[PDB]
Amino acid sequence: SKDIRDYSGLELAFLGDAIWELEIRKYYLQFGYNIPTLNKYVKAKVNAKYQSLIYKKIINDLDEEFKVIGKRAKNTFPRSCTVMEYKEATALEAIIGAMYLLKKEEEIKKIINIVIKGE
């Protein structure tokens, strides 16, 4: 059940996407925003275009193992973003998914905190 042992890029991203959504939802679900606004704020941080900047914002610092995960992760034209952004976005979800599995659930809080200190 090791990291890259049985988990592929997409499989890691699949898990990371769900993790990311949960965190973004937990954070905005505390300001008493109404359903319509609550969705707008979350949707602005759950999209790939934004997910990309979060990556380019931490990739150069994350642990080696995670740097490799993201790397291969950047390998059907995207609807609302650059092919380059959709890949990094996957790289981000793939990395998150990995940290979670490795119980390294602290490098995540450090990535989430960077998302909150911006909006």
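For every residue, the number given is its place in the sequence shown, counted from 1.
Gap check for residue 75 to residue 76: 4 to 9 deposited residues are absent from the model. Here 19-27 and 5-13 are compared by their mean Cα B-factor, and 5-13 comes out higher. Higher mean CA temperature factor between 85-93 and 30-38: 85-93, per the PDB entry. The residue among 49, 67, 79, 43 whose C-alpha atom has the highest B-factor in the PDB entry is 79.
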